[PDB]
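Raw contents of final.tsv, TSV, C-alpha atoms:
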```tsv
chain	number	residue	atom	x	y	z
A	324	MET	CA	0.00	0.00	0.00
A	325	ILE	CA	3.03	2.37	0.39
A	326	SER	CA	3.84	1.31	-3.24
A	327	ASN	CA	0.43	2.44	-4.49
A	328	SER	CA	0.45	5.59	-2.25
A	329	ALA	CA	4.03	6.61	-3.20
A	330	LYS	CA	3.24	6.08	-6.89
A	331	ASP	CA	0.24	8.38	-6.31
A	332	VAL	CA	2.83	11.08	-5.31
A	333	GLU	CA	4.18	10.84	-8.91
A	334	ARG	CA	0.57	11.52	-10.02
A	335	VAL	CA	0.59	14.82	-8.04
A	336	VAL	CA	4.16	15.74	-9.18
A	337	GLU	CA	3.35	15.13	-12.88
A	338	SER	CA	0.05	17.06	-12.38
A	339	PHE	CA	2.03	20.03	-11.00
A	340	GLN	CA	4.64	19.95	-13.81
A	341	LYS	CA	1.71	20.17	-16.31
A	342	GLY	CA	0.16	23.06	-14.32
A	343	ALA	CA	3.49	24.90	-14.10
A	344	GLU	CA	3.92	25.19	-17.92
A	345	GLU	CA	0.15	26.07	-18.08
A	346	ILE	CA	0.31	29.00	-15.61
A	347	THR	CA	3.72	30.12	-17.05
A	348	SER	CA	2.19	30.62	-20.55
A	349	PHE	CA	-0.84	32.38	-18.97
A	350	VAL	CA	1.60	34.72	-17.10
A	351	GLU	CA	3.75	35.28	-20.21
A	352	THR	CA	0.44	36.32	-21.85
A	353	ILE	CA	-0.36	38.74	-18.95
A	354	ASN	CA	3.14	40.19	-19.54
A	355	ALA	CA	2.39	40.55	-23.30
A	356	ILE	CA	-1.09	42.13	-22.74
A	357	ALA	CA	0.32	44.56	-20.13
A	358	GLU	CA	3.37	45.59	-22.25
A	359	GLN	CA	1.11	46.10	-25.31
A	360	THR	CA	-1.36	48.09	-23.10
A	361	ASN	CA	1.67	50.20	-21.99
A	362	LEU	CA	2.74	50.86	-25.64
A	363	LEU	CA	-0.92	51.49	-26.69
A	364	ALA	CA	-1.54	53.92	-23.81
A	365	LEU	CA	1.73	55.80	-24.64
A	366	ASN	CA	0.32	56.26	-28.23
A	367	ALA	CA	-3.02	57.66	-27.05
A	368	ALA	CA	-1.00	59.89	-24.64
A	369	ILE	CA	1.54	61.03	-27.34
A	370	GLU	CA	-1.27	61.71	-29.89
A	371	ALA	CA	-3.54	63.35	-27.29
A	372	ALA	CA	-0.69	65.68	-26.08
A	373	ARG	CA	-0.87	67.72	-29.38
A	374	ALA	CA	-4.66	67.76	-29.99
A	375	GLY	CA	-5.61	70.98	-28.09
B	9	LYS	CA	57.81	89.55	-15.55
B	10	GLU	CA	56.76	87.23	-12.68
B	11	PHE	CA	53.99	85.07	-14.22
B	12	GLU	CA	52.42	82.30	-12.10
B	13	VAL	CA	51.49	79.28	-14.23
B	14	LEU	CA	49.86	75.86	-13.72
B	15	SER	CA	52.42	73.05	-14.17
B	16	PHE	CA	51.46	69.55	-15.42
B	17	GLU	CA	52.88	66.74	-17.61
B	18	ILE	CA	51.73	64.48	-20.49
B	19	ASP	CA	53.80	61.27	-21.10
B	20	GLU	CA	56.76	62.73	-19.06
B	21	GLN	CA	56.73	66.01	-21.11
B	22	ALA	CA	56.23	69.26	-19.13
B	23	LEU	CA	53.65	71.92	-20.10
B	24	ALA	CA	51.98	74.95	-18.48
B	25	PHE	CA	49.55	77.86	-19.01
B	26	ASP	CA	48.63	80.79	-16.71
B	27	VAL	CA	46.55	80.70	-13.49
B	28	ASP	CA	44.67	83.76	-14.81
B	29	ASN	CA	42.91	81.26	-17.17
B	30	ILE	CA	41.85	78.49	-14.74
B	31	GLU	CA	38.37	77.59	-13.47
B	32	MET	CA	39.20	74.48	-11.33
B	33	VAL	CA	40.62	70.88	-11.57
B	34	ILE	CA	38.63	67.59	-11.37
B	35	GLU	CA	38.95	63.81	-11.85
B	36	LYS	CA	37.09	62.38	-14.88
B	37	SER	CA	33.70	60.90	-13.86
B	38	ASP	CA	31.09	60.03	-16.54
B	39	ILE	CA	31.76	62.39	-19.45
B	40	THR	CA	28.60	62.35	-21.65
B	41	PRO	CA	29.46	61.11	-25.22
B	42	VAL	CA	28.38	63.38	-28.09
B	43	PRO	CA	27.80	61.40	-31.37
B	44	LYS	CA	29.95	62.37	-34.39
B	45	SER	CA	32.67	64.04	-32.24
B	46	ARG	CA	36.01	65.29	-33.67
B	47	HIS	CA	39.04	63.11	-32.74
B	48	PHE	CA	40.41	65.45	-30.02
B	49	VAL	CA	37.24	65.68	-27.81
B	50	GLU	CA	35.89	63.24	-25.18
B	51	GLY	CA	32.43	64.83	-24.64
B	52	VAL	CA	30.66	67.19	-22.22
B	53	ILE	CA	30.08	67.58	-18.44
B	54	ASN	CA	27.95	69.96	-16.29
B	55	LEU	CA	30.21	72.04	-13.96
B	56	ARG	CA	29.30	75.19	-11.95
B	57	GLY	CA	25.87	75.28	-13.76
B	58	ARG	CA	27.51	75.40	-17.24
B	59	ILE	CA	27.98	72.72	-19.94
B	60	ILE	CA	31.77	72.31	-20.29
B	61	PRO	CA	33.44	70.45	-23.23
B	62	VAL	CA	36.22	68.02	-22.23
B	63	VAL	CA	38.94	68.13	-24.91
B	64	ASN	CA	41.96	65.79	-25.00
B	65	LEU	CA	44.94	68.25	-25.08
B	66	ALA	CA	47.61	65.92	-26.56
B	67	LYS	CA	45.45	65.22	-29.66
B	68	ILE	CA	45.35	69.00	-30.34
B	69	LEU	CA	49.10	69.52	-29.77
B	70	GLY	CA	50.20	66.36	-31.66
B	71	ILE	CA	51.99	64.48	-28.86
B	72	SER	CA	51.87	61.00	-27.24
B	73	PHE	CA	49.39	59.90	-24.54
B	74	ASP	CA	47.79	56.95	-22.68
B	75	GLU	CA	43.98	57.20	-22.22
B	76	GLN	CA	43.72	54.90	-19.15
B	77	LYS	CA	46.64	56.67	-17.42
B	78	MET	CA	45.26	60.16	-18.15
B	79	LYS	CA	42.58	61.02	-15.58
B	80	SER	CA	42.86	64.73	-14.66
B	81	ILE	CA	40.64	67.40	-16.23
B	82	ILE	CA	42.08	70.92	-16.01
B	83	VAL	CA	39.18	73.32	-16.55
B	84	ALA	CA	40.22	76.60	-18.17
B	85	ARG	CA	38.64	80.04	-18.37
B	86	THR	CA	38.79	82.75	-21.05
B	87	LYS	CA	36.39	85.67	-21.67
B	88	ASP	CA	35.02	83.71	-24.64
B	89	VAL	CA	34.71	80.15	-23.28
B	90	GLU	CA	35.40	77.62	-20.47
B	91	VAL	CA	36.77	74.26	-21.66
B	92	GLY	CA	38.28	71.30	-19.78
B	93	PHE	CA	41.53	69.67	-20.85
B	94	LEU	CA	42.03	65.96	-20.03
B	95	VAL	CA	45.68	65.14	-19.10
B	96	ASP	CA	47.93	63.05	-16.75
B	97	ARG	CA	49.27	64.10	-13.30
B	98	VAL	CA	49.36	67.77	-12.17
B	99	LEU	CA	52.09	69.58	-10.20
B	100	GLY	CA	50.61	73.00	-9.24
B	101	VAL	CA	51.39	76.72	-9.21
B	102	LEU	CA	54.83	77.90	-10.41
B	103	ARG	CA	56.14	81.51	-10.49
B	104	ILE	CA	58.41	81.82	-13.58
B	105	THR	CA	60.97	84.54	-14.54
B	106	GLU	CA	61.87	86.09	-17.93
B	107	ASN	CA	65.61	85.37	-17.34
B	108	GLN	CA	65.09	81.58	-17.79
B	109	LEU	CA	62.56	82.05	-20.65
B	110	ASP	CA	63.53	81.42	-24.31
B	111	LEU	CA	61.40	82.18	-27.43
B	112	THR	CA	62.77	79.49	-29.80
B	113	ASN	CA	59.84	77.43	-31.16
B	114	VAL	CA	61.07	77.02	-34.79
B	115	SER	CA	60.89	73.18	-34.64
B	116	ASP	CA	57.66	72.83	-32.58
B	117	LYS	CA	54.24	71.53	-33.84
B	118	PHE	CA	52.35	73.88	-31.48
B	119	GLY	CA	55.16	76.47	-31.65
B	120	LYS	CA	52.97	79.35	-32.87
B	121	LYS	CA	50.61	78.65	-29.93
B	122	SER	CA	53.47	78.63	-27.38
B	123	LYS	CA	54.48	81.83	-25.55
B	124	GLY	CA	57.96	80.40	-24.86
B	125	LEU	CA	60.03	77.73	-23.12
B	126	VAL	CA	60.99	77.88	-19.42
B	127	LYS	CA	64.37	76.30	-18.62
B	128	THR	CA	63.75	75.88	-14.85
B	129	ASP	CA	65.65	73.33	-12.70
B	130	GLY	CA	66.79	71.07	-15.60
B	131	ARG	CA	63.25	70.71	-17.03
B	132	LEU	CA	61.88	71.88	-20.40
B	133	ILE	CA	58.51	73.38	-19.37
B	134	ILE	CA	56.76	74.75	-22.50
B	135	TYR	CA	54.56	77.81	-21.88
B	136	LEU	CA	51.27	77.64	-23.83
B	137	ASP	CA	48.77	80.36	-24.90
B	138	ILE	CA	45.13	79.29	-24.08
B	139	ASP	CA	43.55	81.69	-26.66
B	140	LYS	CA	45.26	80.34	-29.82
B	141	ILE	CA	44.71	76.72	-28.56
B	142	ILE	CA	40.97	77.40	-28.13
B	143	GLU	CA	40.78	79.01	-31.63
B	144	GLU	CA	41.85	75.64	-33.13
B	145	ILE	CA	39.19	73.46	-31.39
B	146	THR	CA	36.24	75.72	-32.44
B	147	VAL	CA	34.25	74.76	-35.56
C	546	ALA	CA	9.57	65.89	-26.18
C	547	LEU	CA	9.56	62.09	-25.94
C	548	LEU	CA	12.74	61.01	-24.17
C	549	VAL	CA	14.14	57.73	-25.59
C	550	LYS	CA	17.38	55.88	-24.76
C	551	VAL	CA	19.99	53.98	-26.80
C	552	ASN	CA	23.08	52.59	-24.91
C	553	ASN	CA	21.39	54.07	-21.77
C	554	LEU	CA	21.95	57.58	-23.27
C	555	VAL	CA	19.02	60.05	-23.33
C	556	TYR	CA	17.91	61.33	-26.79
C	557	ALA	CA	14.83	63.60	-26.93
C	558	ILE	CA	12.25	63.39	-29.79
C	559	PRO	CA	9.98	66.45	-30.64
C	560	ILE	CA	6.33	65.29	-29.92
C	561	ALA	CA	4.56	67.67	-32.36
C	562	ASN	CA	6.07	66.11	-35.54
C	563	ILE	CA	5.34	62.35	-34.69
C	564	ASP	CA	2.83	59.94	-36.36
C	565	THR	CA	2.89	56.71	-34.24
C	566	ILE	CA	5.16	54.53	-32.03
C	567	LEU	CA	5.34	50.86	-33.09
C	568	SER	CA	7.12	47.64	-32.01
C	569	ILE	CA	8.23	45.90	-35.23
C	570	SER	CA	9.51	42.38	-35.93
C	571	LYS	CA	12.98	41.43	-37.25
C	572	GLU	CA	11.45	39.11	-39.89
C	573	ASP	CA	9.54	42.02	-41.57
C	574	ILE	CA	12.45	44.45	-42.25
C	575	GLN	CA	13.84	44.28	-45.80
C	576	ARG	CA	16.08	46.10	-48.29
C	577	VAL	CA	15.08	46.86	-51.90
C	578	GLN	CA	17.99	48.70	-53.58
C	579	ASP	CA	18.80	51.35	-50.98
C	580	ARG	CA	18.71	51.52	-47.13
C	581	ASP	CA	16.27	49.50	-44.94
C	582	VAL	CA	12.47	49.71	-45.43
C	583	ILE	CA	9.37	48.33	-43.68
C	584	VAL	CA	5.93	47.73	-45.21
C	585	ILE	CA	3.40	49.29	-42.77
C	586	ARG	CA	-0.34	49.61	-43.68
C	587	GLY	CA	0.73	48.45	-47.19
C	588	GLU	CA	2.74	51.72	-47.48
C	589	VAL	CA	6.56	51.71	-47.59
C	590	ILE	CA	8.38	53.62	-44.81
C	591	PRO	CA	12.20	54.19	-44.83
C	592	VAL	CA	13.23	52.80	-41.40
C	593	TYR	CA	16.53	54.02	-39.79
C	594	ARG	CA	18.52	52.68	-36.81
C	595	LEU	CA	19.35	55.64	-34.44
C	596	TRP	CA	22.82	54.24	-33.46
C	597	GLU	CA	23.71	53.73	-37.20
C	598	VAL	CA	22.83	57.29	-38.36
C	599	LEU	CA	24.76	58.57	-35.28
C	600	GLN	CA	27.77	56.21	-35.82
C	601	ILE	CA	28.00	54.73	-32.29
C	602	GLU	CA	28.74	51.12	-31.27
C	603	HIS	CA	25.62	49.15	-30.31
C	604	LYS	CA	24.09	45.63	-30.01
C	605	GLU	CA	24.88	43.04	-32.71
C	606	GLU	CA	21.98	40.63	-32.43
C	607	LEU	CA	18.43	41.02	-33.80
C	608	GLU	CA	15.37	41.51	-31.53
C	609	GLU	CA	11.82	42.95	-31.84
C	610	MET	CA	12.61	46.67	-31.96
C	611	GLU	CA	10.64	49.80	-30.98
C	612	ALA	CA	10.31	52.40	-33.76
C	613	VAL	CA	9.05	56.01	-33.71
C	614	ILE	CA	7.56	57.33	-36.98
C	615	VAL	CA	8.42	61.06	-37.34
C	616	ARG	CA	6.86	63.39	-39.99
C	617	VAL	CA	8.82	65.88	-42.08
C	618	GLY	CA	7.50	68.06	-44.97
C	619	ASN	CA	4.87	65.94	-46.75
C	620	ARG	CA	6.50	62.61	-45.73
C	621	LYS	CA	7.61	60.52	-42.70
C	622	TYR	CA	10.55	58.20	-41.84
C	623	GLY	CA	11.00	55.54	-39.10
C	624	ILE	CA	13.45	56.02	-36.19
C	625	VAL	CA	14.39	52.80	-34.32
C	626	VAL	CA	15.31	53.35	-30.66
C	627	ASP	CA	16.24	50.92	-27.85
C	628	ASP	CA	14.15	51.90	-24.78
C	629	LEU	CA	11.41	54.50	-24.10
C	630	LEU	CA	12.15	56.68	-21.01
C	631	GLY	CA	9.29	59.18	-20.56
C	632	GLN	CA	7.85	62.46	-21.88
C	633	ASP	CA	8.46	65.94	-20.39
C	634	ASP	CA	8.46	69.60	-21.43
C	635	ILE	CA	12.20	70.35	-21.67
C	636	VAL	CA	14.48	73.41	-21.98
C	637	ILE	CA	16.56	73.59	-25.20
C	638	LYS	CA	20.20	74.76	-24.77
C	639	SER	CA	22.96	75.18	-27.41
C	640	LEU	CA	24.87	72.09	-28.71
C	641	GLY	CA	28.23	73.95	-28.49
C	642	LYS	CA	30.89	75.61	-30.67
C	643	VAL	CA	33.08	72.48	-30.91
C	644	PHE	CA	30.06	70.56	-32.32
C	645	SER	CA	28.90	73.03	-35.05
C	646	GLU	CA	29.31	70.50	-37.89
C	647	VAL	CA	26.84	67.94	-36.35
C	648	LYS	CA	23.46	68.19	-38.16
C	649	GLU	CA	21.45	65.51	-36.31
C	650	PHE	CA	20.97	67.50	-33.06
C	651	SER	CA	19.38	70.96	-32.77
C	652	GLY	CA	20.20	71.57	-29.13
C	653	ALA	CA	21.32	69.92	-25.90
C	654	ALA	CA	19.34	70.00	-22.61
C	655	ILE	CA	19.65	69.46	-18.84
C	656	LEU	CA	16.92	67.12	-17.53
C	657	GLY	CA	15.23	67.23	-14.09
C	658	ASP	CA	17.62	64.66	-12.56
C	659	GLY	CA	20.66	66.56	-13.97
C	660	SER	CA	21.06	64.13	-16.90
C	661	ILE	CA	22.18	65.58	-20.24
C	662	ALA	CA	19.86	64.84	-23.20
C	663	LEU	CA	20.37	65.94	-26.81
C	664	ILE	CA	17.33	66.93	-28.94
C	665	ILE	CA	17.07	65.29	-32.41
C	666	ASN	CA	16.55	67.50	-35.51
C	667	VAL	CA	13.64	66.01	-37.52
C	668	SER	CA	15.14	67.11	-40.88
C	669	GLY	CA	18.77	66.32	-39.88
C	670	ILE	CA	18.64	62.58	-40.70
C	671	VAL	CA	18.49	61.29	-44.32
```
Kindly present the structure from the file in C-alpha cells form.
Amino acid sequence: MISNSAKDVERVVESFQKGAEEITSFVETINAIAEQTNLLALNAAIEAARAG
Amino acid sequence: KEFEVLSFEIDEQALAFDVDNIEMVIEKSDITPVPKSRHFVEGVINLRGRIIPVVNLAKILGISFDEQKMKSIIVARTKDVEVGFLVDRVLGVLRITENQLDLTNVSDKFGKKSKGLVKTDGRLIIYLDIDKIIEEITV
Amino acid sequence: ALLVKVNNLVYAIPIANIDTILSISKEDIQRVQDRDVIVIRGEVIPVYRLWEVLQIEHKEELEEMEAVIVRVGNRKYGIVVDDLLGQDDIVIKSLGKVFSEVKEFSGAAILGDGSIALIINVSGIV
C-alpha cells in the first residue's frame, strides 16, 4: 500500500509539472497584454498631447 | 615679468599655461558622449551650472598619450569660453621669470601657440597660450 | 519631447512632428535597392537605426525593436530606438561651438535629474 500511495505522489508531481507550464504561458500572456497596453496607452497619450 | 602658471605633464613632457585662465581641476567621472565628435574631444560635463566640453589636449598639440593613465581634467577660463583639458598628473602653481625664458619654437608643432620655453631646474617646461589653442578646437 | 534611450543615453524626440510609435519584428524588415524599409499599412516607410545614423557602437543581435515614426514636410521616416524613457516639457540649450558640424541634433538640454539629453533635428537625418 506504500507502493500504491508513493506512486500516487508521482501523479501529483506530474500534475504540477503540467500546471506549471500552463500558468507560465498564462503569465507570459499577462506580460504581453500589459506591455502592449503600456505601448498602446503611450500612443493615445503622445497623440492626445498635441490635440488641443 | 613674474607670471604664475599651472604646471602639469603628459607622457613625461612638461607643459603649463597661466593661473589667470583656470576655473578648477577635477577627476574624470562620466563624461557624456556626443555622437559624431572630432578626434580630439571626449564629450561634455555639467560644472558650476555650465555645460563644459572636455577636450583631450595631446590630440590638439600632436603628442603621445595613454587614455587609461590620463585622468585629470584641467578646466580653463577665457572671456570667450570655459573648456576642460584631459591630461595626466598635475604639479601645481609655479612663479616663472623672464631670465630663464627662451622664445625658440622654430621646430615645434604647437610652436605658434606657445608663448615660450621655461628652462627651470633642468626641465623643459613649454609655456602655452590658451587663446590660440581654443581658436583651433572651435568649428 | 519624448525622451528615448539607446546605450542608456538620453535622446529627446519632438512630440509635435510624430505619427505613431510601433514595435516591429525582425522578420519584416527588408532592403530593396537602398537603405532598410518596412511595409506598414501596405505603405513603404524608410526605417533608420538611431545608433547607425549617429555612428555609435551598439548591439549586434536582432530583436523585436521599438520604432518612432516622425513626420517631415509631406512625408515621414522611421526612427528605431532601444528603450522608451518618458515624456516631459524640456528646456533647449545650445549644442556647443566644438560641435557646429553635427546636423542631427538641434540643441542639448539638462533634464530634471541633472542628466544631459540631446534633442534630435527632424530634418537632420536622411
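Reported to one decimal place, the separation of CA of residue 42 (chain B) from CA of residue 637 (chain C) is 15.9 Å.
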| query | Counting only C-alpha atoms, which residues of chain B come no farther than 12 Å from chain C, as number ranges by chain? | reply | B: 38-55, 57-63, 88-91, 142-147
Pick out the residues sitting within 10 Å of residue 9 (chain B), and hand them over as an mmCIF file with C-alpha atoms, in the frame of the given file; count only C-alpha atoms, and ignore anything fewer than 3 positions along from it in its own chain.
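Generated file (out-v3.cif):
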```cif
data_model
loop_
_atom_site.group_PDB
_atom_site.id
_atom_site.type_symbol
_atom_site.label_atom_id
_atom_site.label_comp_id
_atom_site.auth_asym_id
_atom_site.auth_seq_id
_atom_site.Cartn_x
_atom_site.Cartn_y
_atom_site.Cartn_z
ATOM 1 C CA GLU B 12 52.420 82.300 -12.100
ATOM 2 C CA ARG B 103 56.140 81.510 -10.490
ATOM 3 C CA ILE B 104 58.410 81.820 -13.580
ATOM 4 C CA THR B 105 60.970 84.540 -14.540
ATOM 5 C CA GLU B 106 61.870 86.090 -17.930
ATOM 6 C CA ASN B 107 65.610 85.370 -17.340
#
```
| Residue among A:353, A:375, A:360, A:370 lying closest to chain C, counting only C-alpha atoms |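 Going through A:353, A:375, A:360, A:370 one by one, the smallest distance to chain C is for A:370.
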Sorted by chain and rising residue number, list the residues of chain A at most 7 Å from chain C (counting only C-alpha atoms), each with its closest atom pair and distance in Å to one decimal, as a tab-separated table.
```
residue	atom	partner	partner_atom	distance
A:366	CA	C:566	CA	6.4
A:369	CA	C:560	CA	6.9
A:373	CA	C:561	CA	6.2
```
Residue selection dump (C-alpha atoms) as a PDB file, in the coordinates of the input:
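Saved the output as selection-v5.pdb:
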```pdb
ATOM      1  CA  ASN A 366       0.320  56.260 -28.230  1.00  0.00           C
ATOM      2  CA  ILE A 369       1.540  61.030 -27.340  1.00  0.00           C
ATOM      3  CA  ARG A 373      -0.870  67.720 -29.380  1.00  0.00           C
TER       4      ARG A 373
END
```
| Expressed in Å to a single decimal, how great is the separation between CA of residue 610 (chain C) and CA of residue 592 (chain C)? |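 Taking CA of residue 610 (chain C) and CA of residue 592 (chain C), their separation equals 11.3 Å.
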| Interatomic distance (Å, one decimal) between CA of residue 64 (chain B) and CA of residue 92 (chain B) |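 Distance between the two atoms: 8.4 Å.
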| Residues within 10 Å of residue 627 (chain C), all atoms listed in the file, excluding chain neighbours under 5 positions, as a PyMOL selection string | chain C and resi 549-554+594-596+603-604+609-612
| task | Using only C-alpha atoms, determine which residues lie at most 12 Å from residue 129 (chain B), disregarding the query and same-chain residues fewer than 3 positions distant; provide the list as a list in words. | result |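 The neighbour list is residues 102, 104, 108, 126, 132 and 133 of chain B.
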| query | Residues at most 6 Å from region 122-125 of chain B, counting all atoms listed in the file, excluding those fewer than 2 positions away in the same chain, as a VMD selection string? | reply | chain B and resid 109 to 111 119 to 120 133 to 137
| task | Identify, on the basis of all atoms listed in the file, every residue whose closest approach to residue 34 (chain B) does not exceed 8 Å; exclude the query and any residue fewer than 5 positions from it along the same chain; express the result as a ChimeraX atom specification. | result | /B:80-83
| From the set C:630, C:671, C:583, C:624, which residue has the shortest atom-to-atom contact distance to residue 362 (chain A), counting only C-alpha atoms? | C:630
Once 6 Å is added on each side, what are the centre and the three edge lengths, in Å to one decimal, of the axis-aligned box enclosing the listed atoms of region 578-581 of chain C? Present them as JSON.
```
{"center_x": 17.5, "center_y": 50.1, "center_z": -49.3, "size_x": 14.5, "size_y": 14.8, "size_z": 20.6}
```
| query | So which residues fall inside 12 Å of (47.2, 53.5, -18.1) if we count only C-alpha atoms? Mind giving them as a list in words? | reply |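 Checking each residue against the 12 Å limit leaves residues 19, 73, 74, 75, 76, 77, 78, 79, 95, 96 and 97 of chain B.
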| note | Closest of B:86, B:72, B:115, B:29 to residue 17 (chain B), counting all atoms listed in the file, is B:72
